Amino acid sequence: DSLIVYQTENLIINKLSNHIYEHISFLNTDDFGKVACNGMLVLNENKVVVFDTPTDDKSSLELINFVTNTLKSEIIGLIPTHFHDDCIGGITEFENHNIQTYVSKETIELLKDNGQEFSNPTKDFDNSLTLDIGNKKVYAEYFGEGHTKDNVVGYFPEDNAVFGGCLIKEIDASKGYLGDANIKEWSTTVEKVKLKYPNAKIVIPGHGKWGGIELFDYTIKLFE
């Protein structure tokens, strides 16, 4: 089970295993309640890969400073899992620490369709990304359209860990925001994620409580 290793009004970090930490930050984009938004920190040999910026610059700086001063580590790469602001909201702060961004090509196109470009040159991938993190490996993979057309999934096999992002719901979630979604394909997409990760023990959805592969099952059935 999970240790809280950092907590503040702007940022919560939960330690789930020896290599896998969950970061939680809060979107306040309108005149209504803030919404909790999850990402994944993968740690190995004092090197860190982050799936999803926290929601803004100040939350992202709390995360970077936590990695530097408390995990005594370097962040070697940022992988935004799609183009919404619960994935790239703090991108400027990461770019200002010269953290390499790794992002899919469809994600770049949708960002550009929406008027945004990364400032620092990105490292781009079509469907699948393999990154070395010291002597272990971390992956991002595109399985199909869901929550958005570009959504990718993070995977660290050493701890059997999957960052579902917003393609994956928590147990008993509502459907949520569908403005950019492909509802005809969401569930077949997650069937593929399930097929690829039968031994997953840690599955982190984009919002709400993490758990096991039952998050896959629940999300498949939600959009059937």
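Note that residue numbering begins at 1 and tracks the sequence as displayed.
In this crystal structure, the stretch out of 44-52 and 168-176 whose C-alpha atoms carry the higher mean B factor is 168-176. If you average the C-alpha B-factors over 141-149 and over 107-115, the higher value belongs to 107-115. The residue among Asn127, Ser73, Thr81, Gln100 whose C-alpha carries the highest B-factor in the deposited model is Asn127. In this PDB entry, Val190 carries a Cα temperature factor that places it within the lowest third of its chain's modelled residues.
In the deposited entry, the Cα temperature factor of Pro157 places it in the middle third of its chain's modelled residues. Among the modelled residues of the chain, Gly212 sits in the middle third by CA temperature factor in this PDB entry.
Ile183 sits in the middle third of its chain by CA B factor, as recorded in the PDB entry. In the deposited entry, the Cα temperature factor of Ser59 places it in the middle third of its chain's modelled residues.
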